[PDB]
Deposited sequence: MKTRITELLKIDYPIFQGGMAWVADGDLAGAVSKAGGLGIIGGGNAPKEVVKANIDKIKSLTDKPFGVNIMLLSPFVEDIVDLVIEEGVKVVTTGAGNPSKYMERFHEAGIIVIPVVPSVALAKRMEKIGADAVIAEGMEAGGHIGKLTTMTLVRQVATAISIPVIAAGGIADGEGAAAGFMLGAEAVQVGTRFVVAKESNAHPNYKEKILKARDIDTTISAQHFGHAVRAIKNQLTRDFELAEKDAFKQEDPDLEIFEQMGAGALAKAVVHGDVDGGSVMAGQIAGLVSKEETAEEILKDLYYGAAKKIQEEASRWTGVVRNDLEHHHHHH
């Protein structure tokens, strides 16, 4: 099977493992790319030399295509722009801001640019400035969120633009992934579920937090970031009532690296209640792709001959 995304990136499955701060090292990314998806290295707030070690890690693991995520609120944003170009990266995703100022530089470098868009207006602007595709991220996602859900944003983005759309936010199995294709997308982007992958270097405490979570276990803090509820999210809310960087500084690192799941930031999506097994990256990819195929096929049998 083929979609414009499998053709554009030269990959087996129309699935991205979304770039994540701290979680998406060369190990996670490498395992995804290896099995046939697009593994994506999360730039995050990391210095150039930390992100570079990751790019080196991945190349030594596989020759398959890979992306690098540039998170536009990073203090080292300009260094990572240099880096993706310098290291020969073919795909760039961008998140948490407008990447417009870097678009011509990326395209002169032969790089494929796929921004994350939170609205139809920004989706269209990206199309008119040359963007090769866009990612519509719903508010149900883990991490730094917009306002619109996946249901409404994907459909309205897909309708507004002629470039290919990718659904992100709230997908953790084949049924969820196939829904993304119905809303008009040609690829899915998955975050929360890849965190529990065997190759993921997220601390056992962070993985077990996700695994035990119920549907309602997430909250939005710092109004904006979706995370699993703990002492830190309760602290922040209370200090929101009172009125602050003592809490917020290094919070994700505390969680992802050191396993402090009380005082750390345990970002994860509303779909974490559906995630309850540790698997390899390949086992996750196959479940999403063949799980979707199966469900699309079963529904077509139901609706067959209707006109």
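- Gaps between the deposited sequence and the modelled structure occur at positions 224 to 227, 248 to 257, 322 to 332.
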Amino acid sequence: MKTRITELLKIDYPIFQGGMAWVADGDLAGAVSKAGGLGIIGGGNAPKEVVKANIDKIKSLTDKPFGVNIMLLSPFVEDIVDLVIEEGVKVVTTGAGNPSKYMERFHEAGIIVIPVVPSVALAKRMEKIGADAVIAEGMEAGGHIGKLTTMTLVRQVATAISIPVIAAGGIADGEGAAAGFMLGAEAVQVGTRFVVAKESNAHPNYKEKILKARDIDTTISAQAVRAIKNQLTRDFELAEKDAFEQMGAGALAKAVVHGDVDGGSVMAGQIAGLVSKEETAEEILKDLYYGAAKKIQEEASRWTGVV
From here on, numbers count along this sequence of modelled residues.
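- In this entry, the higher average B-factor at the C-alpha atoms falls on 232 to 240, of the pair 163 to 171 and 232 to 240.
- For the pair 92 to 100 and 133 to 141, the record assigns the higher mean C-alpha temperature factor to 92 to 100.
- Comparing C-alpha B-factors across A272, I40, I70, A251 in the deposited entry, the largest value falls on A251.
- Split the chain's modelled residues into thirds by C-alpha temperature factor. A109 is in the middle one.
- Among the modelled residues of the chain, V51 sits in the lowest third by CA temperature factor in this PDB entry.
- Annotation for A268: CA B-factor lies in the lowest third of the chain's modelled residues.
- The PDB entry assigns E127 a C-alpha temperature factor belonging to the highest third of its chain's modelled residues.
- When the modelled residues of the chain are ordered by C-alpha B-factor, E199 sits in the middle third.
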